[PDB]
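To start, the structure under review is shown below, and the notes come after it.
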Amino acid sequence: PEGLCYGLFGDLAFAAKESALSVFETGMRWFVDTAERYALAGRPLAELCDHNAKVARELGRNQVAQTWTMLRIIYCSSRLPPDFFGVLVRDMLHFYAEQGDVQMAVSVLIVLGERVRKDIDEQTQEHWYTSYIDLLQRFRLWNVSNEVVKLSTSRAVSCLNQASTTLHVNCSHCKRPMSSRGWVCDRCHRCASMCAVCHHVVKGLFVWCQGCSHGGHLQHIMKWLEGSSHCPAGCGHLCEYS
Amino acid sequence: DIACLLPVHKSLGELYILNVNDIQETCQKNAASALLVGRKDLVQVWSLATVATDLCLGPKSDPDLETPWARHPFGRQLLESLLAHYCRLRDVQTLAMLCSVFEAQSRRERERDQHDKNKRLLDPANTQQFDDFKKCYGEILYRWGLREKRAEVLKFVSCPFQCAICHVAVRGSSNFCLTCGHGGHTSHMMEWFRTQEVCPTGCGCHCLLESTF
Amino acid sequence: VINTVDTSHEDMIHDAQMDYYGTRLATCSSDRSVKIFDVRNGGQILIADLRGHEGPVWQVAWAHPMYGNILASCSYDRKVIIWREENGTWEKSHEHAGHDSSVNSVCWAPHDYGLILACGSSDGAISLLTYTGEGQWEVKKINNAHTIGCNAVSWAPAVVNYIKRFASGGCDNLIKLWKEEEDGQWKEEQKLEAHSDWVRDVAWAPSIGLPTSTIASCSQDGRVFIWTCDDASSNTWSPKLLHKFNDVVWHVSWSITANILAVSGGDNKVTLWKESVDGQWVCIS
Amino acid sequence: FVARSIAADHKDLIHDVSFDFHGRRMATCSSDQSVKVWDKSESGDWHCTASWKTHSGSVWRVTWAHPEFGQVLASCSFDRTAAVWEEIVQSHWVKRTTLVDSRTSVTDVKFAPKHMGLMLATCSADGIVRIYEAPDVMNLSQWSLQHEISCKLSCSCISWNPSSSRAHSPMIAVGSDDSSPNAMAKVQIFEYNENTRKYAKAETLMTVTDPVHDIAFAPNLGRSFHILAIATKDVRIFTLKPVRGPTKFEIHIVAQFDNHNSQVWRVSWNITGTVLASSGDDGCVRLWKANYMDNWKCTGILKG
Ligand SMILES: [Zn+2]
Ligand SMILES: [Zn+2]
Ligand SMILES: [Zn+2]
Ligand SMILES: [Zn+2]
Ligand SMILES: [Zn+2]
Ligand SMILES: [Zn+2]
Ligand SMILES: [Zn+2]
């Protein structure tokens, strides 16, 4: 006669025989902040390690911060053997992964790249990447998930983003497909990518209503729909009703 | 002279310091001294010790609060790997230095005892080896002539009257003449006998001649 | 650097050992004299010229400074003389004549064990001159230590009360390891037999805390072995032929960290040996 | 934890509550043949955005599907059916397929993990665990029964293995609430074998002989071994460590809690698979967590 289930954010619903529905709310705020404010690429290894360590120390994760600093010293340096710490780095990655902290393991894998990629097998790396991506998507952190996918050291995880994400656009006047890298119609010889607001060629981002088949610059359409409910091109369509 | 053949350095022994109160400062100075001598591996190891001996990584009494840094692969496993490498190199200097730096940080019931045994970056089941490391390095330092350094290192081993001048009670360091028996505070006799030669109480004993045998 | 020292002896030198602090050098020769130089700052100051032996002096052994400036000397004249320095002069301090043959080697025990000097004579007798203060020495002679005659004695480092052990190498083509019992009697415990000729010098490796006891022994034929004991409980020594020398090997000396061995032989050549990562001892010189 | 009550307004006892993938939505099924979907706003109050009659008999379990397949709900009931409900945009929920293969009451229904596609497993009271699949995720009205497994015991709870690793074969555990006097294992674990393309009984937990009311595989999330939580007269946690045909596991029990002092009805892991909540006849929720020494301990007692 009882029901029980945690939610994502630590809240817990518990319905039992009197039946009374109670949500025992609290958790993972550290995970959200950590995922949001690491930098995984675009800077040298030392800078990335110091930034991540500063994040971990600010959030109160002293062990994570010292791990980042230790990685910086180990990698970004009558000397120690070149592969002296590889076993220890692998053990640290496995230690963080086996306790549910897949975020730290994936971040270290991405930051280090090939320095540790060849030492961890592909299957475990893919498992960590997928677990971290699922955690990020649960918290609705799409930007961090896509950054991880783009910077993923595994080819299979990288290919997860290129599946059915290409749009085939056609000219309305000619009803024929357009070139894959174009902004002018092949047949009609008309700038079919004209913004409905500014009447300028939309070379980059194009937002398109599915009702009236009209659109334009993403910012321009956003502003117009913020200021009105009609189609900017003027087809009597309430594209975003109310 | 074959000081280059040995894994230990006399200059490093002169330059190393061991302050129990501050570990990060000692690690930083040791890394600087290693760079001055020219040991890149020692610089890396000392920086690793600087990071891994931070006071904010102190284990909690309750085992349920967090995983101790010793259980972290960058803790006990790191230290064991470094100790194994310098045991292969037979570097008594670095071994004793690490076993002192990581020991100064260390300064239901069965689970609590096991957690206490598991929260130390130095393995409790191998304290005899660490004490042997420290004793051998102390003997090496004494052989060099750095008695102060040897005494400083040996402090990390786990297993071990009124003044005739100021007329104040003497409880700390004191010098008492064997011939006559009058003394007091050490600094008082240090100042007094640098000029005079008889006992400061007027007994007439030539304490410097009859005590400094 | 090099600090060349002119011994000024009247005969060939047989040993030369500096002090624990590495400041004073004492040499012995067949001229029945022991000279103690001062080699500080690359100098040559003849501090003393000790002549009290009726025969050639074979080996000299400084004592730990914890017990003061003490030097021991063994000579062919069946006589062991201990020189202690006091008031700035080196003088004869103790006299031992308990052996009926030439005393070949003297090695002081580690300072933890106290002030004990072990002497090995050519008659197969080993005497340990324990010191109990007040200027008297008690001798616990290990009679019939070797069949033909003991050639060298080396002490085992203090490892954890204290169990006293030392290694003896005689003319019976073998190495004998000794330890004292609870009462005090010294009993042979394990016999080492790998040399095909006389064992001329056995030298223990100083401990640095490693759980591994190492012994370097040279022989009359020219064989130098490394006796490693990886497990103290097992007490099994596995000899490893360091090198085969075309002539006799006289002396073997370990480093302070026991990682470099100074093999000196009858071919008037000194070789420094360091153990490689592959487990094979390779010459450095 | 801070407790807050919700005005369920359910005519009978609430049998199951299931959060969605993102944690922002809820689905509660009761014995009044009604399933209610709750969506919370920025104010934090849970609003019942949908309430429709589903089945003829009491509805036992309601489970969510991964959002890539859309807002999809699967509910099993006493009428030997496991219906699949999809949301079409007001908030209208439509029945897609009624799964009528089971000849007896379907005790539990659970969606398979995302990496398998859209697969559904239903356990019936006659000992048959049926695993379905939708070949086209855009056509939820067509479900093809892939496998059916005879568990030789009255099934009461199932739990997929949420591991997304390619090193772990598909795995479904089946618990039984049968109370026969004879002592037989009440939990059977079936692993899909790629070579045979058929589910085979991999491991059997002989130590569990009491009736089982709920089983829950722990979210793998980077681990290498599988952790299973079992609800019985006590709370048991088993760790399944694969060894280097069905895979052989070194089954070790790592927890056995009788703090409920009564029958434990439900077990539910959190997102990280580190804290386990158990709800027993005492009406208390006990959160169990493991320290770094693998000593599972209670981190809180929660009462209605
Ligand atoms: Zn066109
Ligand atoms: Zn525009
Ligand atoms: Zn339009
Ligand atoms: Zn429109
Ligand atoms: Zn005074
Ligand atoms: Zn006086
Ligand atoms: Zn006096």
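Residue numbers (the entry's author numbering), protein chains in the order written: chain M, 340 to 357, 395 to 402, 408 to 458, 626 to 790; chain N, 651 to 757, 837 to 889, 922 to 974; chain R, 4 to 163, 177 to 301; chain Q, 2 to 90, 100 to 254, 262 to 321. In this text, a Cβ means the ideal position worked out from N, Cα and C, and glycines have one as well.
- [ ] Given a cut-off of 8 Å, decide if Q:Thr107 and Q:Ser151 are closer than it, judged by their beta-carbon atoms.
- [x] Position 141 of the fourth sequence, counting from 1, holds the residue named residue 151 of chain Q. Position 97 of the fourth sequence, counting from 1, holds the residue named residue 107 of chain Q. Less than 8 Å divides the Cβ of Q:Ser151 from the Cβ of Q:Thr107.
Open item on the list: I want to check one thing, is the minimum distance from the CB of M:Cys733 to the heavy atoms of ligand 1 below 7 Å?
Closed with: As a first step, residue 733 of chain M is located in the first sequence; it is residue number 185 there, counting from the start. Because some heavy atom of ligand 1 lies under 7 Å away, the Cβ of M:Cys733 counts as near it: yes.
Open item on the list: Using CA atoms only, rank isn't needed, just tell me which of N:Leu655, N:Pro853, N:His735 and N:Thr940 is closest to R:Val293.
Closed with: Residue numbering aside, residue 293 of chain R sits at position 277 when the third sequence is read from its first letter. Closest by alpha carbon: N:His735.
Task: Any residue whose CB is nearer than 5 Å to a heavy atom belonging to ligand 7, listed in chain order - done: Working through the chain, the matches are N:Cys938, N:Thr940, N:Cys941, N:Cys960, N:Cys966 and N:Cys968.
TODO: Please find out if some non-hydrogen atom of ligand 3 comes closer than 7 Å to the beta-carbon of M:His762.
DONE: Within the first sequence, residue 762 of chain M is the residue found at index 214, counting from 1. Flag set: Cβ of M:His762 near ligand 3.
Open item on the list: If we require 3 or more residues per run, which beta strand (DSSP E) segments fall completely within the segment 157 to 211 of chain Q?
Closed with: 165 to 170, 181 to 186 and 197 to 203
TODO: List the residues that DSSP assigns as beta-bridge partners of Q:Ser295.
DONE: In the fourth sequence, residue 295 of chain Q corresponds to position 278, counting from 1. Q:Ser295 pairs with Q:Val284 and Q:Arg303.
Task: Contacts that M:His716 makes with chain Q (C-beta to C-beta distance below 8 Å) - done: Taking the first sequence and counting its residues from 1, one reaches residue 716 of chain M at position 168. Result: empty, since nearest Cβ-Cβ is about 18 Å, beyond 8 Å.
- [ ] Show which residues of chain N have a CB atom less than 9 Å away from the CB atom of M:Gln447.
- [x] As a first step, residue 447 of chain M must be located in the first sequence, where it is residue number 66. Within chain N, the residues near M:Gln447 are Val701, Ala702, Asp704, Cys706, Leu707, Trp719, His722 and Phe724.
Task: With 16 other Cβ atoms within 10 Å as the buried cut-off, status of Q:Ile182 - done: Against the fourth sequence, residue 182 of chain Q aligns to sequence position 172. When all chains shown are included, Q:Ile182 counts as buried.
Open item on the list: Does any residue of chain N have a CB that is nearer than 8 Å to the CB of R:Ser235?
Closed with: Stepping through the third sequence from its first residue, residue 235 of chain R is reached at position 219. R:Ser235 does not count as touching chain N.
- [ ] Identify the continuous alpha helix (DSSP H) that holds N:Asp861 and give its terminal residues.
- [x] The residue labelled residue 861 of chain N in the question sits at position 132 within the second sequence. Per DSSP, N:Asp861 belongs to the alpha helix (DSSP H) from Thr856 to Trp873.
Task: Cβ pair N:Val693, N:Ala754 closer than 8 Å - done: Along the second sequence, read from residue 1 onward, the residue named residue 693 of chain N stands at position 43. Along the second sequence, read from residue 1 onward, the residue named residue 754 of chain N stands at position 104. Contact: no.
Task: M:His432 versus M:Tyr680: straight-line alpha-carbon distance, rounded - done: Reading the first sequence from its first residue, position 51 is the one you call residue 432 of chain M. Reading the first sequence from its first residue, position 132 is the one you call residue 680 of chain M. The alpha-carbon atoms of M:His432 and M:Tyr680 are separated by roughly 20 Å.
Open item on the list: Given a cut-off of 8 Å on the beta-carbon distance, is the pair M:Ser706 and Q:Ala9 in contact?
Closed with: Your numbering for residue 706 of chain M matches position 158 in the first sequence. Your numbering for residue 9 of chain Q matches position 8 in the fourth sequence. For M:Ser706 and Q:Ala9, no; Cβs fall outside 8 Å.
Task: Rounded separation between R:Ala29 and N:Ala746 - CA only - done: The residue labelled residue 29 of chain R in the question sits at position 26 within the third sequence. The residue labelled residue 746 of chain N in the question sits at position 96 within the second sequence. Cα-Cα distance, rounded: 32 Å.
Open item on the list: Along the segment 205 to 227 of chain R, where does the CB come closer than 9 Å to a CB of chain N? Name the residues.
Closed with: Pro222, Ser223, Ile224, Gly225, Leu226 and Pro227
- [ ] Identify the contact partners of M:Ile454 in chain N, using a Cβ-Cβ distance below 7 Å as the criterion.
- [x] Sequence index remark: in the first sequence, residue 454 of chain M carries index 73 (1-based). Simply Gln694, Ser697, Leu698 and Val701.
- [ ] Report the option in M:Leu689, M:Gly408, M:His762 and M:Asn709 whose CA atom is closest to the CA atom of M:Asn718.
- [x] By one-based count along the first sequence, residue 718 of chain M stands at place 170. Nearest option by C-alpha distance: M:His762.
Open item on the list: If you follow the beta strand (DSSP E) that M:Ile455 is in, where does it begin and where does it stop?
Closed with: For this step, residue 455 of chain M is matched to residue 74 along the first sequence. No beta strand (DSSP E) contains M:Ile455, which is instead part of the alpha helix (DSSP H) from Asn443 to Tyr456.
- [ ] Just tell me which of M:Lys356, M:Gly782 and M:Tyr456 has its CA closest to the CA of M:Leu660.
- [x] Here residue 660 of chain M corresponds to residue number 112 of the first sequence, with the count starting at 1. Of the candidates M:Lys356, M:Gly782 and M:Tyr456, the one whose C-alpha sits nearest the C-alpha of M:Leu660 is M:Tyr456.
TODO: Would you please verify whether the beta carbon of Q:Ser6 is less than 8 Å from any beta carbon of chain M?
DONE: Translated into the one-based positions of the fourth sequence, residue 6 of chain Q becomes position 5. Q:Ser6 has a beta carbon lying within less than 8 Å of a beta carbon in chain M.
Task: Classification of Q:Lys251 by the beta-carbon crowding that lies within 10 angstroms, buried from 16 upward - done: As a position in the fourth sequence, residue 251 of chain Q is number 241, starting the count at 1. Exposed: under 16 other Cβ atoms inside 10 Å.
Task: Minimum C-alpha distance to Q:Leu14 - residue among Q:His277, Q:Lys41, Q:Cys30 and Q:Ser101 - done: Here residue 14 of chain Q refers to the residue found at position 13 when the fourth sequence is read from its first residue. Answer by Cα proximity: Q:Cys30.
Open item on the list: Contact criterion: CB-CB distance below 8 Å. Does R:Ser271 meet it with respect to chain N?
Closed with: The residue you call residue 271 of chain R lines up with position 255 of the third sequence. Chain N contact via Cβ: present.
Open item on the list: ligand 6 and R:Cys31: does any heavy atom of the ligand fall closer than 7 Å to the residue's C-beta?
Closed with: Position 28 of the third sequence, counted from the start, is the residue given in the question as residue 31 of chain R. Checking every heavy atom of ligand 6 against the Cβ of R:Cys31, none is found closer than 7 Å.
Task: Sub-8 Å separation of residue 173 of chain R and R:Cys153 beta-carbons - done: Since the numbering of chain R jumps from 163 to 177, residue 173 of chain R cannot be located in this structure.
Task: Three-state secondary structure (DSSP) of R:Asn147 - done: Indexing the third sequence from 1 puts residue 147 of chain R at position 144. DSSP, read as helix, strand or coil, puts R:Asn147 in coil.
Task: Environment of M:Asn709 [buried if 16+ CB atoms lie within 10 Å] - done: Residue mapping note: residue 709 of chain M aligns to position 161 of the first sequence, counting from 1. By the Cβ neighbour-count rule, M:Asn709 is exposed, with fewer than 16 other Cβ atoms within 10 Å of its own.
Task: Cβ-based burial, N:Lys848 [other Cβ within 10 Å; buried from 16] - done: To locate residue 848 of chain N, count along the second sequence from 1; it is residue 119. Per the 10 Å Cβ criterion, buried.
Open item on the list: Please determine whether the Cβ atom of M:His721 lies at a distance below 7 Å from any heavy atom of ligand 1.
Closed with: In the first sequence, residue 721 of chain M corresponds to position 173, counting from 1. Because some heavy atom of ligand 1 lies under 7 Å away, the Cβ of M:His721 counts as near it: yes.
- [ ] If I'm right that M:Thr701 touches M:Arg729 with Cβ under 8 Å, what's the distance once you round it to whole angstroms?
- [x] Counting from 1 along the first sequence, the entry for residue 701 of chain M is found at position 153. Counting from 1 along the first sequence, the entry for residue 729 of chain M is found at position 181. About 29 Å separates the two Cβ atoms, so there is no contact after all.
TODO: Express the C-alpha separation of N:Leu883 and N:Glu877 in angstroms, rounding to a whole number.
DONE: Translated into positions along the second sequence, residue 877 of chain N becomes position 148. Translated into positions along the second sequence, residue 883 of chain N becomes position 154. Computed Cα separation, rounded: 10 Å.
Task: Range covered by the beta strand (DSSP E) that runs through Q:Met126 - done: For the purposes of this step, residue 126 of chain Q is taken as residue 116 along the fourth sequence, with counting starting at 1. Here Q:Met126 belongs to no beta strand (DSSP E), and DSSP marks it neither H nor E.
- [ ] Find the residues of chain M that neighbour N:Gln727, judging by a C-beta separation of less than 7 Å, and give them in chain order.
- [x] Position 77 of the second sequence, counted from the start, is the residue given in the question as residue 727 of chain N. The contacting residues are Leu636 and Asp639.
Task: Bridge-paired residues (DSSP) for R:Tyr134 - done: Counted from its first residue, the third sequence places residue 134 of chain R at position 131. In the DSSP output, where bridge partners are listed per residue, R:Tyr134 has R:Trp140.
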